[PDB]
Structure formats: structure tokens, C-alpha cells
$ cat work-v2.txt   # compact mmCIF, C-alpha atoms
# COMPACT_ATOMS: atom_id res chain seq x y z
CA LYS A 28 -40.23 136.65 99.54
CA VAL A 29 -39.59 133.79 101.91
CA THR A 30 -42.68 133.27 104.08
CA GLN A 31 -42.58 134.13 107.78
CA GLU A 32 -43.31 130.46 108.51
CA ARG A 33 -40.32 129.30 106.43
CA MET A 34 -38.15 131.93 108.12
CA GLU A 35 -39.16 130.62 111.54
CA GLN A 36 -38.29 127.09 110.43
CA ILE A 37 -34.88 128.32 109.27
CA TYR A 38 -34.35 130.07 112.60
CA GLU A 39 -35.07 126.88 114.51
CA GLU A 40 -32.72 124.96 112.20
CA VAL A 41 -29.79 127.34 112.56
CA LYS A 42 -30.05 128.79 116.09
CA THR A 43 -27.29 128.28 118.62
CA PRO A 44 -28.32 129.35 122.12
CA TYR A 45 -25.41 127.80 123.99
CA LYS A 46 -22.04 129.51 124.04
CA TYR A 47 -19.13 127.14 124.24
CA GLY A 48 -16.69 129.96 124.62
CA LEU A 49 -13.47 131.02 122.96
CA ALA A 50 -11.97 128.76 120.31
CA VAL A 51 -9.03 130.82 119.11
CA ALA A 52 -7.82 133.60 121.35
CA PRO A 53 -4.83 135.92 121.41
CA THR A 54 -2.30 135.29 124.18
CA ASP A 55 -1.48 138.97 124.65
CA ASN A 56 -3.24 142.30 124.06
CA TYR A 57 -1.25 143.17 120.92
CA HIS A 58 -2.98 140.60 118.73
CA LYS A 59 -6.63 140.48 117.67
CA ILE A 60 -8.17 137.41 116.06
CA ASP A 61 -11.17 137.54 113.70
CA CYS A 62 -12.82 136.27 110.53
CA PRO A 63 -13.24 132.50 110.90
CA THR A 64 -13.72 130.37 107.82
CA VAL A 65 -14.37 126.72 108.73
CA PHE A 66 -14.03 123.84 106.33
CA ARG A 67 -12.61 120.35 106.37
CA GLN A 68 -10.43 117.99 104.44
CA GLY A 69 -9.98 114.36 105.31
CA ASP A 70 -9.75 113.81 109.05
CA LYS A 71 -9.37 117.49 110.05
CA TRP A 72 -11.65 120.43 110.44
CA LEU A 73 -9.84 123.61 109.48
CA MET A 74 -10.27 127.25 110.33
CA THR A 75 -8.58 130.14 108.66
CA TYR A 76 -8.59 133.36 110.58
CA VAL A 77 -7.02 136.82 110.51
CA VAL A 78 -4.63 138.26 113.05
CA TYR A 79 -4.07 141.97 113.49
CA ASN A 80 -0.86 142.54 115.49
CA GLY A 81 -1.73 145.64 117.52
CA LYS A 82 -3.73 146.66 120.55
CA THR A 83 -5.16 149.89 119.12
CA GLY A 84 -6.50 151.09 115.78
CA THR A 85 -3.09 152.40 114.74
CA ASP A 86 -0.21 150.44 116.34
CA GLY A 87 -0.25 147.14 114.41
CA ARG A 88 1.10 146.40 110.95
CA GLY A 89 -2.09 144.80 109.65
CA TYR A 90 -3.62 141.44 108.88
CA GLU A 91 -2.01 138.10 108.30
CA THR A 92 -4.01 134.94 107.76
CA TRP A 93 -3.48 131.84 109.86
CA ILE A 94 -4.91 128.34 109.91
CA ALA A 95 -5.90 126.04 112.76
CA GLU A 96 -7.08 122.43 112.87
CA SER A 97 -9.58 120.50 114.95
CA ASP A 98 -10.85 116.94 115.28
CA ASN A 99 -14.16 117.99 116.81
CA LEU A 100 -15.02 121.57 115.77
CA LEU A 101 -14.61 122.83 119.35
CA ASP A 102 -10.95 122.44 120.30
CA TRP A 103 -8.52 124.14 117.90
CA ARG A 104 -4.73 123.99 117.39
CA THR A 105 -3.09 126.76 115.39
CA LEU A 106 -0.77 125.47 112.64
CA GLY A 107 0.77 128.67 111.25
CA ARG A 108 0.36 131.30 108.57
CA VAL A 109 -1.20 130.90 105.13
CA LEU A 110 -0.99 134.57 104.04
CA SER A 111 1.95 136.44 105.46
CA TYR A 112 3.13 140.02 105.18
CA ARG A 113 4.46 140.33 101.66
CA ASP A 114 7.26 142.85 101.36
CA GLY A 115 7.54 144.57 97.99
CA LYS A 116 3.99 143.83 96.88
CA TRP A 117 0.73 145.74 96.71
CA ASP A 118 -0.66 143.92 99.74
CA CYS A 119 2.50 144.09 101.85
CA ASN A 120 0.79 145.12 105.12
CA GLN A 121 -2.74 143.65 104.88
CA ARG A 122 -3.32 140.02 103.96
CA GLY A 123 -6.67 138.94 105.48
CA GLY A 124 -8.07 135.93 103.71
CA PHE A 125 -11.35 134.09 103.18
CA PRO A 126 -11.19 130.68 101.48
CA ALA A 127 -13.28 130.44 98.34
CA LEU A 128 -15.53 127.90 96.68
CA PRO A 129 -16.94 126.30 99.81
CA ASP A 130 -19.36 123.47 99.38
CA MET A 131 -22.57 125.40 100.16
CA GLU A 132 -24.78 122.50 101.27
CA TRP A 133 -26.16 123.10 104.77
CA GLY A 134 -25.10 120.06 106.80
CA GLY A 135 -22.99 118.80 103.92
CA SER A 136 -19.34 117.94 103.44
CA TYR A 137 -18.00 121.37 104.32
CA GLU A 138 -15.18 120.88 101.82
CA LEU A 139 -13.56 123.56 99.69
CA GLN A 140 -13.87 122.93 95.99
CA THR A 141 -11.00 122.82 93.52
CA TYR A 142 -11.13 124.71 90.24
CA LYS A 143 -8.40 124.21 87.61
CA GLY A 144 -6.59 121.97 90.09
CA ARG A 145 -6.29 124.70 92.71
CA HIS A 146 -8.02 125.84 95.85
CA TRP A 147 -8.79 129.54 95.95
CA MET A 148 -9.12 132.32 98.51
CA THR A 149 -9.95 136.01 98.34
CA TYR A 150 -8.61 138.50 100.82
CA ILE A 151 -8.58 142.06 102.10
CA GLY A 152 -5.29 143.49 100.85
CA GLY A 153 -3.28 146.68 100.75
CA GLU A 154 -0.39 148.82 101.92
CA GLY A 155 -1.88 150.92 104.75
CA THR A 156 -0.83 149.84 108.22
CA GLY A 157 -3.01 149.79 111.33
CA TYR A 158 -6.37 148.14 111.89
CA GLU A 159 -7.91 147.73 108.42
CA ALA A 160 -5.64 150.57 107.30
CA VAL A 161 -7.27 153.08 109.66
CA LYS A 162 -10.22 153.71 107.28
CA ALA A 163 -8.06 154.04 104.15
CA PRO A 164 -9.08 151.93 101.16
CA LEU A 165 -8.29 148.24 101.02
CA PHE A 166 -8.87 146.04 97.96
CA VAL A 167 -9.99 142.52 97.12
CA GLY A 168 -7.12 140.15 96.36
CA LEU A 169 -7.05 136.64 94.97
CA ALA A 170 -4.90 133.78 96.25
CA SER A 171 -4.67 130.13 95.28
CA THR A 172 -2.72 127.02 96.00
CA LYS A 173 -1.96 123.57 94.71
CA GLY A 174 -0.80 122.70 98.23
CA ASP A 175 -2.48 120.75 100.97
CA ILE A 176 -5.02 123.22 102.36
CA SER A 177 -4.94 121.37 105.70
CA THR A 178 -1.37 122.61 106.22
CA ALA A 179 0.16 125.96 107.08
CA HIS A 180 1.86 126.96 103.84
CA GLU A 181 1.94 130.21 101.99
CA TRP A 182 -0.75 130.43 99.31
CA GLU A 183 0.12 132.13 96.03
CA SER A 184 -1.34 135.51 95.21
CA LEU A 185 -1.67 137.92 92.36
CA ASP A 186 0.45 141.03 92.20
CA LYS A 187 -2.54 143.31 91.80
CA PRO A 188 -6.07 143.22 93.28
CA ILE A 189 -8.98 141.59 91.50
CA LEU A 190 -11.41 144.30 92.62
CA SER A 191 -10.83 147.85 93.69
CA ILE A 192 -12.64 151.06 94.53
CA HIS A 193 -10.64 152.52 91.61
CA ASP A 194 -12.10 150.15 89.01
CA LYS A 195 -13.89 151.84 86.06
CA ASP A 196 -17.06 149.95 86.99
CA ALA A 197 -16.90 150.46 90.78
CA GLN A 198 -20.34 151.40 92.16
CA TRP A 199 -21.49 153.97 94.73
CA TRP A 200 -21.87 151.44 97.56
CA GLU A 201 -18.19 150.39 97.36
CA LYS A 202 -16.41 153.67 96.63
CA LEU A 203 -14.79 154.17 100.07
CA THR A 204 -13.29 150.72 100.72
CA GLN A 205 -13.89 147.01 100.30
CA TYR A 206 -13.94 144.55 103.17
CA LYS A 207 -14.75 140.79 103.26
CA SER A 208 -15.42 138.85 100.13
CA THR A 209 -16.35 135.24 99.51
CA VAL A 210 -16.53 133.57 96.12
CA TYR A 211 -18.99 130.77 95.55
CA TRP A 212 -18.97 128.28 92.74
CA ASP A 213 -22.55 128.31 91.53
CA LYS A 214 -22.50 125.57 88.90
CA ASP A 215 -26.16 126.34 88.17
CA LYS A 216 -25.14 129.87 87.12
CA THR A 217 -28.19 131.36 88.86
CA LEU A 218 -26.92 134.86 88.06
CA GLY A 219 -25.44 133.90 84.67
CA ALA A 220 -21.92 133.22 85.86
CA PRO A 221 -20.28 130.30 87.68
CA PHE A 222 -18.35 132.44 90.20
CA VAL A 223 -20.39 134.63 92.49
CA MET A 224 -18.68 136.92 94.96
CA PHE A 225 -20.60 138.37 97.88
CA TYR A 226 -18.72 141.19 99.47
CA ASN A 227 -19.27 144.11 101.76
CA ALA A 228 -17.97 147.59 101.17
CA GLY A 229 -18.32 151.16 102.36
CA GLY A 230 -20.09 154.02 100.63
CA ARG A 231 -22.59 156.82 101.01
CA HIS A 232 -26.06 156.47 99.60
CA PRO A 233 -26.18 158.78 96.53
CA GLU A 234 -29.63 160.23 97.39
CA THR A 235 -29.92 159.99 101.20
CA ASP A 236 -26.20 160.47 101.92
CA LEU A 237 -26.24 157.77 104.61
CA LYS A 238 -22.84 156.18 105.15
CA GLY A 239 -22.71 152.48 105.73
CA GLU A 240 -21.41 149.09 104.76
CA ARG A 241 -23.60 147.13 102.43
CA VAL A 242 -23.51 143.77 100.67
CA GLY A 243 -23.21 143.38 96.91
CA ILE A 244 -22.26 140.87 94.26
CA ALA A 245 -19.54 140.52 91.62
CA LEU A 246 -19.54 137.88 88.90
CA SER A 247 -16.82 136.00 87.04
CA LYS A 248 -16.41 133.26 84.47
CA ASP A 249 -12.80 132.52 85.47
CA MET A 250 -11.92 133.98 88.93
CA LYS A 251 -9.71 136.69 87.31
CA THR A 252 -11.98 139.15 85.61
CA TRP A 253 -15.01 140.43 87.47
CA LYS A 254 -18.11 142.44 86.71
CA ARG A 255 -20.39 144.03 89.31
CA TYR A 256 -23.96 142.87 89.56
CA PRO A 257 -25.95 145.82 88.10
CA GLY A 258 -28.55 145.65 90.91
CA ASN A 259 -26.05 146.26 93.68
CA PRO A 260 -26.15 146.62 96.59
CA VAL A 261 -28.31 143.54 97.16
CA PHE A 262 -28.53 143.74 100.94
CA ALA A 263 -28.38 146.80 103.15
CA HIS A 264 -29.86 148.38 106.26
CA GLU A 265 -30.18 152.10 105.60
CA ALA A 266 -29.28 154.08 108.70
CA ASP A 267 -26.35 156.38 109.13
CA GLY A 268 -23.24 154.42 110.02
CA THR A 269 -24.94 151.04 110.00
CA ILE A 270 -22.80 148.12 108.93
CA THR A 271 -24.17 145.05 107.15
CA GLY A 272 -21.38 142.63 106.38
CA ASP A 273 -19.51 139.36 106.16
CA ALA A 274 -22.14 137.56 104.16
CA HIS A 275 -21.88 133.80 104.54
CA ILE A 276 -24.25 131.83 102.34
CA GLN A 277 -25.40 128.24 102.60
CA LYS A 278 -28.06 126.36 100.63
CA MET A 279 -31.00 124.57 102.17
CA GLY A 280 -32.27 123.18 98.90
CA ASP A 281 -34.02 126.02 97.02
CA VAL A 282 -33.48 128.54 99.84
CA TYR A 283 -30.22 130.39 100.23
CA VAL A 284 -29.52 131.47 103.82
CA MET A 285 -27.23 134.47 104.32
CA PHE A 286 -25.67 134.53 107.73
CA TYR A 287 -24.49 138.15 108.23
CA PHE A 288 -23.46 140.58 110.90
CA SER A 289 -24.57 144.07 111.56
CA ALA A 290 -23.18 146.84 113.67
CA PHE A 291 -24.53 150.16 114.79
CA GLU A 292 -28.05 149.23 113.75
CA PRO A 293 -30.43 151.63 115.57
CA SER A 294 -33.05 148.92 116.21
CA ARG A 295 -30.60 146.97 118.42
CA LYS A 296 -29.21 148.34 121.64
CA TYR A 297 -26.18 146.06 121.46
CA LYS A 298 -23.49 147.29 119.09
CA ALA A 299 -22.90 144.30 116.83
CA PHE A 300 -24.62 141.01 116.31
CA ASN A 301 -25.31 138.16 113.92
CA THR A 302 -28.55 137.27 112.25
CA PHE A 303 -29.74 135.89 108.90
CA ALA A 304 -31.68 136.58 105.76
CA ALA A 305 -32.95 134.19 103.15
CA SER A 306 -33.54 134.26 99.38
CA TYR A 307 -34.67 132.09 96.50
CA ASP A 308 -32.76 134.16 93.91
CA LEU A 309 -29.54 135.50 95.62
CA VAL A 310 -30.67 139.12 94.98
CA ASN A 311 -33.86 139.68 96.98
CA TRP A 312 -33.29 138.92 100.64
CA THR A 313 -35.91 138.50 103.35
CA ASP A 314 -34.54 139.57 106.70
CA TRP A 315 -35.19 137.50 109.87
CA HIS A 316 -37.77 139.19 112.13
CA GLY A 317 -37.15 137.36 115.39
CA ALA A 318 -34.31 137.15 117.85
CA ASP A 319 -30.78 137.69 116.56
CA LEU A 320 -28.64 134.53 116.32
CA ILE A 321 -25.63 135.83 118.29
CA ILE A 322 -25.62 138.90 120.51
CA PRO A 323 -23.32 140.16 123.26
CA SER A 324 -24.06 138.18 126.44
CA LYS A 325 -20.84 136.95 128.09
CA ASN A 326 -17.91 138.89 129.48
CA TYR A 327 -15.76 137.90 126.48
CA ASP A 328 -18.26 139.13 123.84
CA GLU A 329 -19.90 141.97 125.79
CA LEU A 330 -19.08 144.66 123.20
CA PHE A 331 -19.42 142.85 119.85
CA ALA A 332 -20.57 139.29 119.14
CA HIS A 333 -20.35 139.30 115.42
CA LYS A 334 -19.21 137.90 112.10
CA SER A 335 -20.35 134.41 111.18
CA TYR A 336 -19.38 131.03 110.02
CA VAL A 337 -21.87 128.24 110.62
CA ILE A 338 -21.31 124.46 110.47
CA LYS A 339 -24.07 121.87 110.84
CA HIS A 340 -22.52 118.52 111.58
CA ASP A 341 -23.86 115.32 113.11
CA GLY A 342 -27.06 116.98 114.33
CA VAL A 343 -25.36 119.99 115.98
CA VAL A 344 -25.01 123.54 114.72
CA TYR A 345 -21.76 125.36 115.45
CA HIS A 346 -21.76 129.16 114.95
CA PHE A 347 -18.27 130.62 114.94
CA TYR A 348 -18.04 134.34 115.58
CA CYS A 349 -15.82 137.17 116.63
CA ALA A 350 -16.04 138.05 120.30
CA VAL A 351 -14.95 141.50 121.40
CA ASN A 352 -15.19 142.73 125.00
CA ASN A 353 -15.13 146.30 126.39
CA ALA A 354 -11.32 146.13 126.62
CA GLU A 355 -11.38 145.49 122.84
CA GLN A 356 -9.79 142.08 123.24
CA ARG A 357 -10.80 140.20 120.12
CA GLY A 358 -10.95 136.47 119.38
CA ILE A 359 -13.09 133.73 117.89
CA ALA A 360 -15.80 131.98 119.91
CA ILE A 361 -18.38 129.27 119.28
CA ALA A 362 -22.09 128.89 120.01
CA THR A 363 -23.93 125.62 119.60
CA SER A 364 -27.48 124.35 119.25
CA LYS A 365 -27.14 122.21 122.43
CA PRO A 366 -24.64 122.42 125.28
CA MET A 367 -21.31 120.91 124.18
CA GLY A 368 -19.28 121.80 127.28
CA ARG A 369 -17.33 124.91 128.19
CA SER A 370 -14.09 126.18 126.81
CA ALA A 371 -11.28 126.81 129.25
CA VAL A 372 -9.75 129.29 126.79
CA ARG A 373 -9.62 132.86 128.09
CA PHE A 374 -8.39 136.24 126.99
CA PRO A 375 -5.35 137.50 128.86
CA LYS A 376 -5.81 140.15 131.53
CA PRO A 377 -6.90 143.43 129.90
CA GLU A 378 -5.00 146.69 130.12
CA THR A 379 -6.23 149.69 132.13
$ encode --input "work-v2.txt" --output "C-alpha cells"
Amino acid sequence: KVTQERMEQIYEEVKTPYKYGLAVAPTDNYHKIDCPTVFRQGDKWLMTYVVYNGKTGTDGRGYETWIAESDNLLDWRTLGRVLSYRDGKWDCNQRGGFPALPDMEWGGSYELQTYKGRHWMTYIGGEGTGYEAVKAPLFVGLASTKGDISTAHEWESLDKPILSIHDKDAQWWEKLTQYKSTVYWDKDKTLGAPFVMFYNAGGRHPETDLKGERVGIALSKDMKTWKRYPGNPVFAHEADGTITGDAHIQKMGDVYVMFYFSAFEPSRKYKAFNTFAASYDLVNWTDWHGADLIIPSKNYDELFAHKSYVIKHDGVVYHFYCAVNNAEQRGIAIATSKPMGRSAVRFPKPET
């Protein structure tokens, strides 16, 4: 276990008390923006994000993935789509992507790594319409590109998923559906494979029958064929309906830090929030015991302040997250370790 002292040091290193405000917001109530992944190439910071094109759980088609650029991590300009609705294919209605192989060094280059001359991305994919297919199963897809990842171009994707609830070796914790994945290139092969996927998924505990979303691992030698980690799930909070998800891992030397979100956790009065855990081995996680990193506190994030991507650059920590208010307007906001100004970006007026 990571010592309480080391955990407190990590907290001080990663905390972001000061909310800049919205970074990427919908301009009407029939789009919802979520799932930031921030990286950089050359002179631009980049953020992929998902857009759901409905107001309610059932009206929209599903996810597409977009990309935005920034010179300063705070002010973002949307460039266009990188994963679009794909008629005729398995993932025609849901294409919600998460770039893969990030450089994991806390305060490092924040680049995406190339493997076999390509950049890579996994995604939530499937055919069901509505918000995340209205609880129907979605599957983990794989996309890649030889293109310039700093531009809005369509990445290439496989015509079947790479992981599914229907796989022979699917485990109890992922039988209902799969959600976010991220693949890391662990050249040290800590878990015996170079490609390590952390993903969250829904299932019911086989003994206690508690439903929830939990975090587990899949392993690959080549990005194409995957095996589940036998010790899954590796990170969970066991209470009925509690969500633990969107694992985002960075390395502070020997310590891995998992930034994650939870929702409907009985020990927090607020409905969704971000916090962290830490590990020396990627399998046994020590949960932070102090204040959560991001919680609802402004009008724009008063319902959920959740899902993480964290950049340390030039002495400042930037924590990107999904802000949802009571009107269920949904966009991406930023918190920082010191005040960096205030965003003028706002949600549109909510509906009655």
C-alpha cells in the first residue's frame, strides 16, 4: 500500500482548487459534450471529446468524437470530427473515442505514442441509439491513423469490436456493458504485456448481487487480441449502483496515480465527483482518504463534476472534467492549481 504520507503528497501535487470554467460547451440543449482526452503535438495542445446529439436519454443518435486545439490549455477551438457516425458498420450510432498510448509521465511531454507507424484510439461503439444506447450493451472498438493527429480527420477503425460482453472470456464485472477504455504502452511490461487497457464496465457482484461500474484490465501484445487480467476487477467501490470509472493513469516515478470518477457513492452527498488512487503495481490501489479533487460547486457543475484528464505543465495543474448542471446541460470544464482567470464560456439558457 501507498503510505498515507505519500498519498497526501500526491494530493498536494495534483489538486486543483480553482475553477477556470467551461472549456468546451454545447451551443444548444440538444448536444452534450464529455470525455476529454488532452495531449499535444508540436505547437498545439489537443483535446478529443465526445458529443451526444440529444437533450434527453433517448432523443439523440449517439456519440461522435471531435477534436479541439489550444495554445494555452485554457482556450479551445473545435476543429471537427475524428470519429463520425459510420453507416453500415457495427458502430454506426456510437463512436466515442479515447486516444491511446499517451505518454504517462506526470508533467512530461503529454504526447501520444506511435506504434507500427500509427497513432491509436479505443472507443465506445455500437448500434443502439440514445445516450450510451439507453443502457443496452456497447463494446470496445479500436481506431488508428497514419494522419496528423492535430487535425480533424476521420481515423480508421476495425469492422468488429476488440472487446465485448459476448467474448468467451468476458468476466462477471463487465457482463452488462463496457464503457471507457484507455490503452497504455507499458514498455516495462509490468503485467507481462506491453499494452495495458484500463476500462470500466457494468456488472453485478456474483456473491453480493450489487450492481455497479468497476475498473478492470485487459492485456495485449499487439493491440488486436486481448486477454482479461485474471484478477479483475482491480478497482471498485462496492455499494449498490455505485459507479467507479474513467480511469486515467499517470506515472510519478514508481507510483502510478489513477485519476477516476465515481457516482452514486453513498459516502458522498454530491452525486458524482473526481478523486484519485495510487499503486506501485497497477493492480492494488490505495484510495485517497481526503477531500475529493473535483466536486460540484458552481452553477455549471452543480449536479455532476466528474470524469478526469489531468495535465501538469509549466508548474500548473489543469484538471479537465465533465460539468453537468441540474438542467442536465453537459460540457467540459477546467480546474487549476492556481487562479488562471475566468472563462467567459457559458451554457445556453436551459429548458423548463
$ residues_around --input "work-v2.txt" --residues "range 191-199 of chain A" --least-positions-apart "6" --cutoff "9 Å" --atoms "all atoms listed in the file" --output "MDAnalysis selection string"
chainID A and resid 164:168 205 229:233 254:255 257 259:260
$ closest_atom_pairs --input "work-v2.txt" --of "range 154-221 of chain A" --to "range 73-84 of chain A" --cutoff "9 Å" --atoms "all atoms listed in the file" --output "JSON lines"
{"residue": "A:157", "atom": "CA", "partner": "A:84", "partner_atom": "CA", "distance": 5.8}
{"residue": "A:158", "atom": "CA", "partner": "A:84", "partner_atom": "CA", "distance": 4.9}
{"residue": "A:159", "atom": "CA", "partner": "A:84", "partner_atom": "CA", "distance": 8.2}
{"residue": "A:160", "atom": "CA", "partner": "A:84", "partner_atom": "CA", "distance": 8.5}
{"residue": "A:161", "atom": "CA", "partner": "A:84", "partner_atom": "CA", "distance": 6.5}
{"residue": "A:176", "atom": "CA", "partner": "A:73", "partner_atom": "CA", "distance": 8.6}
{"residue": "A:177", "atom": "CA", "partner": "A:73", "partner_atom": "CA", "distance": 6.6}
$ residues_near_point --input "work-v2.txt" --point "(-14.2, 134.1, 86.6)" --cutoff "10 Å" --atoms "all atoms listed in the file" --output "MDAnalysis selection string"
chainID A and resid 210 212 220:224 245:254
$ residues_near_point --input "work-v2.txt" --point "(-22.4, 137.3, 107.0)" --cutoff "6 Å" --atoms "all atoms listed in the file" --output "VMD selection string"
chain A and resid 272 to 275 286 to 288 335
$ atom_distance --input "work-v2.txt" --atom1 "CA of residue 298 in chain A" --atom2 "CA of residue 333 in chain A"
9.3 Å
$ closest_residue --input "work-v2.txt" --among "A:121, A:266, A:173, A:28" --to "residue 143 in chain A" --atoms "all atoms listed in the file"
A:173
$ atom_distance --input "work-v2.txt" --atom1 "CA of residue 39 in chain A" --atom2 "CA of residue 99 in chain A"
22.8 Å
$ atom_distance --input "work-v2.txt" --atom1 "CA of residue 113 in chain A" --atom2 "CA of residue 66 in chain A"
25.2 Å
$ closest_residue --input "work-v2.txt" --among "A:97, A:31, A:269, A:204" --to "residue 153 in chain A" --atoms "only C-alpha atoms"
A:204
$ closest_residue --input "work-v2.txt" --among "A:227, A:375, A:154, A:207" --to "residue 116 in chain A" --atoms "only C-alpha atoms"
A:154
$ closest_residue --input "work-v2.txt" --among "A:114, A:213, A:139, A:145" --to "residue 186 in chain A" --atoms "all atoms listed in the file"
A:114
$ residues_around --input "work-v2.txt" --residues "range 107-109 of chain A" --least-positions-apart "3" --cutoff "10 Å" --atoms "only C-alpha atoms" --output "PyMOL selection string"
chain A and resi 75-78+91-95+104+112+122-124+176+178-183
$ closest_residue --input "work-v2.txt" --among "A:58, A:238, A:88, A:46" --to "residue 202 in chain A" --atoms "all atoms listed in the file"
A:238
$ closest_residue --input "work-v2.txt" --among "A:175, A:292, A:308, A:236" --to "residue 147 in chain A" --atoms "only C-alpha atoms"
A:175
$ axis_aligned_box --input "work-v2.txt" --around "range 334-349 of chain A" --padding-each-side "6 Å" --output "JSON"
{"center_x": -21.4, "center_y": 126.6, "center_z": 113.3, "size_x": 23.2, "size_y": 34.6, "size_z": 18.6}
$ residues_around --input "work-v2.txt" --residues "residue 240 in chain A" --least-positions-apart "2" --cutoff "6 Å" --atoms "all atoms listed in the file" --output "NGL selection string"
:A and (228-229 or 270-271)
$ write_last_selection --input "work-v2.txt" --atoms "C-alpha atoms" --output "short mmCIF file (atom, residue, chain, number, x, y, z; two decimals), in the frame of the given file"
data_model
loop_
_atom_site.label_atom_id
_atom_site.label_comp_id
_atom_site.auth_asym_id
_atom_site.auth_seq_id
_atom_site.Cartn_x
_atom_site.Cartn_y
_atom_site.Cartn_z
CA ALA A 228 -17.97 147.59 101.17
CA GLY A 229 -18.32 151.16 102.36
CA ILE A 270 -22.80 148.12 108.93
CA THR A 271 -24.17 145.05 107.15
#
$ decode --input "work-v2.txt" --residues "range 131-156 of chain A" --atoms "C-alpha atoms" --output "PDB file, in the first residue's frame"
ATOM      1  CA  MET A 131       2.261   8.623 -18.960  1.00  0.00           C
ATOM      2  CA  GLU A 132       4.912  10.839 -17.334  1.00  0.00           C
ATOM      3  CA  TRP A 133       3.329  13.281 -14.886  1.00  0.00           C
ATOM      4  CA  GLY A 134       4.455  16.731 -16.042  1.00  0.00           C
ATOM      5  CA  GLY A 135       6.021  15.241 -19.149  1.00  0.00           C
ATOM      6  CA  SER A 136       5.579  15.736 -22.876  1.00  0.00           C
ATOM      7  CA  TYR A 137       1.917  14.805 -22.976  1.00  0.00           C
ATOM      8  CA  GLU A 138       2.417  13.307 -26.436  1.00  0.00           C
ATOM      9  CA  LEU A 139       0.631  10.293 -27.872  1.00  0.00           C
ATOM     10  CA  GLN A 140       2.956   7.492 -28.825  1.00  0.00           C
ATOM     11  CA  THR A 141       3.120   5.815 -32.224  1.00  0.00           C
ATOM     12  CA  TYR A 142       3.143   2.051 -32.590  1.00  0.00           C
ATOM     13  CA  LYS A 143       3.753   0.436 -36.008  1.00  0.00           C
ATOM     14  CA  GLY A 144       3.746   3.923 -37.518  1.00  0.00           C
ATOM     15  CA  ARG A 145       0.229   4.708 -36.328  1.00  0.00           C
ATOM     16  CA  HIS A 146      -1.493   6.522 -33.517  1.00  0.00           C
ATOM     17  CA  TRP A 147      -4.240   4.544 -31.841  1.00  0.00           C
ATOM     18  CA  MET A 148      -7.541   5.164 -30.071  1.00  0.00           C
ATOM     19  CA  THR A 149     -10.130   2.964 -28.418  1.00  0.00           C
ATOM     20  CA  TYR A 150     -13.782   3.869 -28.290  1.00  0.00           C
ATOM     21  CA  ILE A 151     -17.251   3.060 -27.032  1.00  0.00           C
ATOM     22  CA  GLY A 152     -19.051   1.647 -30.068  1.00  0.00           C
ATOM     23  CA  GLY A 153     -22.323   0.102 -31.130  1.00  0.00           C
ATOM     24  CA  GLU A 154     -25.656   0.292 -32.910  1.00  0.00           C
ATOM     25  CA  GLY A 155     -28.103   1.365 -30.168  1.00  0.00           C
ATOM     26  CA  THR A 156     -29.219   4.969 -30.392  1.00  0.00           C
TER      27      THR A 156
END
